Each structure stands twice: as C-alpha cells, then as structure tokens.
Ligand SMILES: Nc1ncnc2c1ncn2[C@@H]1O[C@H](COP(=O)(O)OP(=O)(O)OP(O)(O)=S)[C@@H](O)[C@H]1O
Ligand SMILES: Nc1ncnc2c1ncn2[C@@H]1O[C@H](COP(=O)(O)OP(=O)(O)OP(O)(O)=S)[C@@H](O)[C@H]1O
Ligand SMILES: [Mg+2]
Ligand SMILES: [Mg+2]
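Chains as they are written, first to last, in the deposited numbering: chain A, 19 to 161, 168 to 403; chain A', 19 to 161, 168 to 403. A prime marks a further copy of an entry chain.
What follows is the structure in structure tokens.
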C-alpha cells in the first residue's frame with residue numbers, strides 16, 4: 019500500500035540522480051545494465067514448506083482471511099501442486115505453462131524444470147490487502169515419485185524468497201527423511217527460516233511440550249547451528265480453540281508471527297535502499313576511473329601506446345584515485361576484469377569528468393536519503 | 019521399605035538354591051566369587067548434574083521434604099562439593115577421606131582421585147523415607169580450576185548410577201562448554217538421563233517456550249541421538265508459584281518426575297532378579313562341564329593324557345552338552361578362557377553330577393521366581 023511511495027521514491031531518485039552518471043560513462047557495458055521498473059516493484063515472497071495435511075493451505079487462507087483460486091483444501095497428493103499467490107485486480111488464475119513466459123514475473127527461470135512441474139504450478143491472483151505487500155508460495159505437502173526434482177524446486181524458491189516458513193502440526197509431528205533432506209537444502213539461508221507449530225490446541229498441554237521438544241531436538245540435530253530458530257506455536261485458522269489452557273500463549277505467538285510477516289516489506293525497502301546506495305557509489309568510482317583514463321590520453325599521437333600503459337598501470341591508478349577522493353578500495357570493481365574490458369574501448373571517446381553529475385549523486389546520498397528512510401520509519 | 023522383602027527373597031533363594039551348586043563345582047574359581055549380602059542390598063543412586071545456582075541442592079531438599087547435613091544452599095564455588103545423601107539411623111555426616119575406606123560403601127574406588135577430591139566429598143546421612151529406597155548424589159555446580173579431574177569424577181558416578189538428572193533453570197539457561205563436555209561424557213548411557221527445566225514459573229509463558237526450545241535445540245545438537253530425551257518442566261521447591269499460567273502443567277510434570285524416581289527401586293529389583301537367573305543358568309552349565317570332565321576320566325591310568333584330550337576337545341564337549349540338555353550356547357563361558365583355567369585342576373578331584381543340586385535350581389527358576397516377581401508387581 020503505502021510502500022508504493024517508497025518504490026516510487028527509489029525509482030525517481032535513481033532515474034534523476036544515478037542513471038545519468040551511469041549512462042555518461044557506459045556503466046551498463048562494464049558492470050550492470052540499467053535498472054528497470056521491475057527492479058523496484060518487487061514484493062517480498064514467503065515460501066511455505068511442510069508435510070501433507072499440516073495446514074499450509076489453511077494457513078494462507080487464515081492470513082488472507084479470504085479464499086484464493088484453486089486453493090483446494092485437503093487434496094490428493096498427485097493433484098497437490100505449487101501455487102504462487104499474488105495480488106491481482108480480479109480473482110483469476112494462470113497455469114504454470116504460461117506463467118513461465120511472463121516477463122513481468124520472477125518465475126521465468128523456472129522453465130528449466132518444465133512439463134511435469136509446470137503442470138503442477140500456477141499463479142492464483144486476487145485483490146487482497148495482504149497481497150499488496152507480499153506474495154505467498156504454497157508448496158505441495160511432503161508425503168510417491170513425482171515428475172520433477174522436488175528438492176531443487178524447493179531449493180530454487182528458497183534462494184529468491186525473503187521468508188521460509190517450516191510448518192509442523194502438533195497432532196502428528198512425523199519429521200520424515202524427505203522433509204529433513206529439504207531443510208538441509210535450505211541451510212546457508214537460516215536467517216530466512218521461521219517455524220510454525222500448528223494445531224497446537226489439538227493436544228493436551230503436556231503432549232504439546234513433548235512434541236515441541238522433539239521438534240527442536242531434531243531440528244538443531246539437522247540444521248547444526250548455534251543460532252536457535254524461532255518457532256511460532258498456535259492454531260492458525262478461524263475456528264474456535266479445542267484445548268483452551270494455552271489461549272494467551274497461542275494469541276501472543278500469532279501476533280509475533282503477524283508482526284514478522286508485516287515487517288517483511290519494510291525490510292525489503294531497506295535492502296533496496298542499500299542497493300541503490302551501493303550502486304550509486306560504484307557509479308562514482310567507475311566515473312572517476314573512465315575520467316582519469318580520458319584525462320591522461322595524448323592530444324594527438326601515441327594513443328594506442330598510452331592506452332596500454334594506462335591498463336598496465338591500472339592498479340596504481342586505483343590507489344591514485346583512492347587518495348585524491350577519499351574513497352574506499354572496497355567499492356572498486358575488480359582490477360583484472362576491468363583491464364579485460366577496457367581493451368574494447370577507444371579511451372579518447374570517453375567523456376571527461378562532469379562535476380555536475382557527481383554533485384547530483386552526492387547531494388542525494390546526504391539529503392534525499394535521510395527523508396526516504398523516514399518514510400520507512402513510519403511503516 | 020517393602021523392597022527389603024525382595025532383597026531378602028533374593029539372598030535366601032541364592033544361598034539355598036544357587037550357592038550350593040556354585041560351591042560344589044568351584045564356580046568361584048572360574049567365573050565369579052560368591053555373592054555377599056552387599057550385592058543384594060544395593061539401593062539405586064541418582065546423580066544430579068547442573069550448573070551453579072540452578073537448584074540441585076534445593077531440588078534434593080524438595081524431594082526429601084527435609085534438610086540434610088551440610089546441604090549449604092547457595093555456597094561459594096570453592097566450598098561447593100560432592101555430597102552422597104544416603105539413609106542413616108541418625109542425622110550425621112562422614113568426610114570423604116574416611117568414606118573412601120568404608121568397605122560397606124560403593125565409593126571405595128573413588129580413592130584413586132584422592133586428596134583434592136576427598137576434601138570435596140562427604141556422605142550426609144539422615145533417617146528419611148526417600149533414602150530407604152534410593153540415594154542421591156549432589157555434584158558441585160558447574161561454573168575456576170579445581171584440584172581434581174571434574175569430568176572423570178562425574179563420568180565415574182554416571183557409570184554406576186541408575187538415573188542421571190541434568191538440571192537447567194529457565195530464568196538463565198546458559199549451557200556452557202564445561203557443561204556440554206560433561207553431557208558428552210555421559211553419552212553411551214542415555215537411557216539413564218532425564219532433564220529438569222527448573223524455575224519455570226520465574227519467566228512468562230512465551231519466554232518459557234523460547235528457553236525450553238533452546239534447551240532441546242542444543243541438547244540434540246550435542247547428544248546426537250534419534251531418541252529424544254524427556255524434560256520435566258516445573259518449579260521444584262516448596263515455595264508458591266510466581267507465574268501461575270502453567271500451574272496445571274508444572275504439577276503434572278512434577279508427578280511424572282516423582283513416578284520416575286519412585287520406579288527406580290522396582291527397576292533395580294527386576295535387574296537383580298535377572299542377574300540371579302543368569303548366574304543360576306551359568307552355574308548349571310559350569311556344573312555340566314566339570315561333571316562331564318570328571319565322568320570321562322579313566323579309573324586309574326592315563327590321567328594326565330586324558331586331561332589334555334578333554335581340554336583340546338572342549339569345543340566339541342560344548343556341543344555334546346548343548347544337545348543332550350537343550351541349553352543355549354549363549355550362557356556357556358568362553359571356550360579358550362576355560363581351557364586356560366582347566367590346566368591348574370586335577371580332573372579326578374571334580375565331583376560327579378549331582379541331580380539333587382540341579383533340581384534345586386530348576387524348581388527355583390519355575391516356581392520360586394514367579395512369586396518373587398509378584399512381590400515386585402505390587403510396588
Ligand atoms: N489449525 C488447525 N487445527 C486443526 N486442523 C487444522 C488446522 N488447519 C488445518 N487443519 C485441517 O488439516 C487438514 C489439512 O489441511 P490443509 O490446510 O490442506 O493442509 P495442507 O495439506 O498442508 O495444505 P495443502 O497440501 O497445500 S492443500 C484439513 O482437514 C484441515 O481442516
Ligand atoms: N524452584 C526455584 N525457583 C526459584 N528459585 C529457586 C528455585 N530453586 C532454587 N532457587 C534459588 O536458586 C538459588 C540457588 O540455589 P541452589 O539450590 O543452591 O542451586 P545449586 O547451586 O545448584 O545447589 P548447590 O550448588 O549443590 S549448593 C538459591 O538462592 C535458591 O533460593
Ligand atoms: Mg495449503
Ligand atoms: Mg544442591
């Protein structure tokens with residue numbers, strides 16, 4: 019919702035202040051192409067991983083407080099499939115065979131699995147408050169042999185998703201080997217993982233402590249990290265509670281979960297803002313480099329010879345610029361990769377240093393960002 | 019209390035039915051010496067392991083519902099020491115320098131640590147209901169450098185103890201490396217370990233689930249076994265509760281703990297009963313062997329020659345006896361170790377087979393034990 023003001027603030031600041039300095043010095047031919055509007059409007063995604071009949075699909079319904087197309091509660095394993103729940107003007111759905119082609123979607127690379135997975139993948143779209151801020155990806159309930173590498177497709181989402189929610193149900197915690205194998209594939213991104221102990225009101229209080237204890241026992245035994253994961257304990261659906269002895273607990277745990285999900289878009293706005301700052305700093309360095317190569321060329325003759333001196337001397341050039349501009353050697357591009365790319369360029373064609381374009385980036389980093397953060401402080 | 023009838027039942031059954039068959043064939047010179055009354059009156063022991071200020075010493079007080087000599091609640095680390103709490107006619111105490119000498123105590127082997135440990139070891143004795151059935155061993159609170173191998177002495181108790189209770193406190197779960205090292209030394213006896221999450225009423229319900237989750241997370245991470253340990257959650261002392269939201273839970277967990285401790289003496293009576301059965305079966309086999317060696321000797325000459333034939337043929341003798349007595353090859357002594365020991369014996373001196381002595385053991389295994397178990401069924 020209001021995050022659209024932040025998205026528009028980055029786009030505006032980039033196109034006005036940063037993109038001119040990138041274009042003037044062929045930034046897009048050395049390091050990274052120009053940012054499209056798709057690089058600013060990305061919403062955070064959540065991946066739901068869990069075994070069959072744990073409550074993933076109902077969990078989504080609970081958050082949306084509304085049904086979504088093709089939800090199918092309690093389906094057959096063969097029919098159970100991946101679903102990308104995303105915002106839409108009208109309640110519709112899109113099969114995975116066409117969703118893979120959509121250039122305005124981050125699912126274009128999924129085409130590499132093809133056929134058997136695409137017949138098990140779709141995008142259900144609906145106008146919903148929750149979906150204006152995040153997207154949710156329901157995975158098939160872990161159980168006999170599918171038609172696609174089920175682990176790699178889970179591992180594929182896990183890398184591009186902002187939050188991974190492992191779901192278990194207290195009424196029948198049966199952590200399997202297929203599930204363990206999946207969680208091991210998620211290692212290296214533990215900072216994205218959160219757990220949900222579902223159906224916690226179906227058992228008595230003691231059994232809840234037995235199951236919850238077993239869950240954490242065999243989790244640390246798998247993930248093998250000192251940083252203990254957060255588990256949200258509760259019954260996540262609209263129905264009344266069965267065992268009410270832990271009512272206060274389940275409600276507090278649901279709020280901690282709501283606050284975590286509701287924080288994701290603000291967390292992404294911060295990440296995008298830092299990326300724009302780092303790109304801006306890299307465009308300055310690139311500009312200082314190209315400008316120094318142009319400045320040192322001769323007025324007429326010895327061009328091809330001088331071009332090779334400068335490339336051979338490029339490491340010394342870095343230090344030369346790190347000293348007379350008080351810039352860190354960290355946000356300098358790799359030395360050798362530059363040398364390799366500078367061969368294909370006529371250094372005389374480069375532009376000279378444009379102070380106007382650098383001041384446009386500097387006054388952005390000092391004045392314009394402090395306000396943009398404030399827009400993120402008021403979530 | 020009533021377990022004294024079981025102890026006397028084993029002693030009686032052994033001395034009347036088993037010991038005669040052992041003596042008649044020099045069982046005590048081949049396999050194991052005669053059982054003393056100390057081998058029947060052993061009470062089960064519990065080892066308390068935990069960090070400083072967790073509540074070990076108060077835990078004991080809570081179970082005894084009574085103070086014990088030298089309890090010292092909340093002491094200095096240097097003064098904190100091992101304490102063997104055992105039954106006694108009068109409330110007294112015994113320093114470890116003299117307790118090590120007591121032949122009627124299982125602490126005689128502890129003398130190998132000596133001096134620095136003995137100055138940190140004592141036996142507090144008092145007439146108490148709990149102590150008529152079990153003994154408790156309080157260990158120093160884990161925290168700088170003592171005067172004895174603190175890990176090996178913990179590891180020493182762990183092997184001879186029936187129940188090991190790891191204690192943590194919810195108000196400050198700080199599992200340390202010294203504590204982790206100890207728990208790793210206890211591996212290979214996980215069936216003895218139980219956990220106690222103490223002071224569980226000092227935190228709020230959510231923090232209890234956070235701490236309890238961390239405890240099990242880093243426990244399975246250490247012990248590395250599929251069999252998840254049992255944790256008893258509660259506040260184990262006579263004071264009122266602070267956070268009463270989990271009153272029903274803490275009371276149920278305390279009862280599960282009381283039932284576990286109260287089951288130990290009955291569990292030991294079963295183990296002793298099985299040992300007496302296995303010893304009885306070994307004495308029969310030993311008797312059949314010695315008797316067969318006697319039976320096959322010559323009436324006058326060729327004695328030393330025949331003695332060597334029988335020892336060389338001893339493997340064949342086993343099968344010969346396994347067939348005409350329908351006995352398992354499992355409870356036969358090691359072949360080679362017998363051969364080595366039979367060298368020092370005049371086979372002509374052995375007794376012949378005494379059916380009276382074997383029938384005394386057989387009618388024990390069929391009639392007398394079925395009743396002795398019944399005495400254990402009514403705990
Ligand atoms: N909080 C809950 N408490 C009790 N039962 C629940 C709860 N949530 C879901 N269920 C039931 O659990 C069963 C499985 O429901 P689902 O939500 O479909 O689980 P799921 O299989 O993980 O979702 P899929 O596979 O993506 S359709 C249904 O019969 C639900 O009624
Ligand atoms: N259930 C409990 N709830 C709250 N505080 C407790 C509880 N049990 C003990 N304490 C307090 O914890 C502190 C440490 O007490 P101790 O029982 O001596 O712990 P301990 O150090 O493990 O025992 P030692 O070292 O063998 S003397 C004391 O101040 C007690 O009052
Ligand atoms: Mg689902
Ligand atoms: Mg103590």
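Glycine included, every Cβ here is placed at the ideal spot set by N, Cα and C.
Please report the straight-line C-alpha distance between residue i and residue j, rounded to a whole angstrom.
{"i": "residue 150 of chain A'", "j": "residue 19 of chain A'", "result": "6 Å"}
{"i": "residue 48 of chain A", "j": "residue 207 of chain A", "result": "38 Å"}
{"i": "residue 396 of chain A'", "j": "residue 292 of chain A'", "result": "13 Å"}
{"i": "residue 213 of chain A", "j": "residue 155 of chain A'", "result": "45 Å"}
{"i": "residue 257 of chain A'", "j": "residue 342 of chain A'", "result": "54 Å"}
{"i": "residue 231 of chain A", "j": "residue 198 of chain A", "result": "14 Å"}
{"i": "residue 56 of chain A", "j": "residue 122 of chain A", "result": "7 Å"}
{"i": "residue 131 of chain A'", "j": "residue 346 of chain A'", "result": "47 Å"}
{"i": "residue 217 of chain A'", "j": "residue 107 of chain A'", "result": "30 Å"}
{"i": "residue 75 of chain A", "j": "residue 259 of chain A", "result": "13 Å"}
{"i": "residue 111 of chain A", "j": "residue 148 of chain A", "result": "17 Å"}
{"i": "residue 103 of chain A", "j": "residue 143 of chain A", "result": "6 Å"}
{"i": "residue 90 of chain A'", "j": "residue 101 of chain A'", "result": "11 Å"}
{"i": "residue 334 of chain A'", "j": "residue 294 of chain A'", "result": "39 Å"}
{"i": "residue 205 of chain A", "j": "residue 211 of chain A", "result": "10 Å"}
{"i": "residue 23 of chain A'", "j": "residue 392 of chain A'", "result": "14 Å"}
{"i": "residue 33 of chain A", "j": "residue 193 of chain A", "result": "48 Å"}
{"i": "residue 35 of chain A", "j": "residue 82 of chain A", "result": "39 Å"}
{"i": "residue 163 of chain A'", "j": "residue 225 of chain A'", "result": "Missing from the coordinates: residue 163 of chain A', inside the break in chain A' from 161 to 168."}
{"i": "residue 331 of chain A'", "j": "residue 284 of chain A'", "result": "54 Å"}
{"i": "residue 394 of chain A'", "j": "residue 251 of chain A", "result": "54 Å"}
{"i": "residue 314 of chain A'", "j": "residue 43 of chain A'", "result": "7 Å"}
{"i": "residue 389 of chain A'", "j": "residue 223 of chain A'", "result": "49 Å"}
{"i": "residue 264 of chain A", "j": "residue 105 of chain A", "result": "29 Å"}
Show which residues of chain A have a CB atom less than 9 Å away from the CB atom of residue i.
{"i": "residue 248 of chain A'", "result": "245"}
{"i": "residue 258 of chain A'", "result": "Neighbours of residue 258 of chain A' on chain A: none; closest Cβ ~11 Å, over 9 Å."}
Any heavy atom of ligand 1 closer than 7 Å to the Cβ of residue i?
{"i": "residue 93 of chain A", "result": "yes"}
{"i": "residue 261 of chain A", "result": "yes"}
{"i": "residue 90 of chain A", "result": "yes"}
{"i": "residue 200 of chain A", "result": "no"}
{"i": "residue 223 of chain A", "result": "yes"}
{"i": "residue 70 of chain A", "result": "yes"}
{"i": "residue 110 of chain A'", "result": "no"}
{"i": "residue 156 of chain A", "result": "yes"}
Pull up the CB-CB distance for residue i and residue j, whole angstroms please, since I reckon it's below 8 Å.
{"i": "residue 399 of chain A", "j": "residue 27 of chain A", "result": "7 Å"}
{"i": "residue 209 of chain A'", "j": "residue 179 of chain A'", "result": "5 Å"}
{"i": "residue 187 of chain A'", "j": "residue 62 of chain A'", "result": "7 Å"}
{"i": "residue 221 of chain A'", "j": "residue 246 of chain A'", "result": "That pair is no contact at about 16 Å."}
{"i": "residue 159 of chain A", "j": "residue 69 of chain A", "result": "6 Å"}
{"i": "residue 191 of chain A", "j": "residue 73 of chain A", "result": "6 Å"}
{"i": "residue 87 of chain A", "j": "residue 109 of chain A", "result": "6 Å"}
Indicate, with yes or no, if ligand 3 has a heavy atom lying under 7 Å from the CB of residue i.
{"i": "residue 228 of chain A'", "result": "no"}
{"i": "residue 193 of chain A", "result": "no"}
State yes or no: is the C-beta of residue i within less than 8 Å of the C-beta of residue j?
{"i": "residue 153 of chain A'", "j": "residue 67 of chain A'", "result": "no"}
{"i": "residue 300 of chain A", "j": "residue 65 of chain A", "result": "no"}
{"i": "residue 93 of chain A", "j": "residue 161 of chain A", "result": "no"}
{"i": "residue 356 of chain A", "j": "residue 309 of chain A", "result": "yes"}
{"i": "residue 312 of chain A'", "j": "residue 349 of chain A'", "result": "yes"}
{"i": "residue 243 of chain A'", "j": "residue 241 of chain A", "result": "yes"}
{"i": "residue 39 of chain A", "j": "residue 382 of chain A", "result": "yes"}
{"i": "residue 114 of chain A'", "j": "residue 139 of chain A'", "result": "yes"}
{"i": "residue 58 of chain A", "j": "residue 307 of chain A", "result": "no"}
In chain A, which residues lie with their C-beta within 7 Å of the C-beta of residue i?
{"i": "residue 269 of chain A'", "result": "272"}
{"i": "residue 220 of chain A'", "result": "Simply none; closest approach about 13 Å."}
{"i": "residue 238 of chain A'", "result": "252"}
Give a single yes or no on whether residue i has its beta carbon closer than 7 Å to a heavy atom of ligand 2.
{"i": "residue 74 of chain A'", "result": "yes"}
List, in chain order, every chain A residue whose beta-carbon is nearer than 8 Å to that of residue i.
{"i": "residue 242 of chain A'", "result": "244, 250, 252"}
Whose Cβ in chain A' lies nearer than 7 Å to the Cβ of residue i?
{"i": "residue 276 of chain A", "result": "230"}
Interface residues of chain A' around residue i at Cβ under 8 Å?
{"i": "residue 255 of chain A", "result": "233, 237"}
Please determine whether the Cβ atom of residue i lies at a distance below 7 Å from any heavy atom of ligand 4.
{"i": "residue 189 of chain A", "result": "no"}
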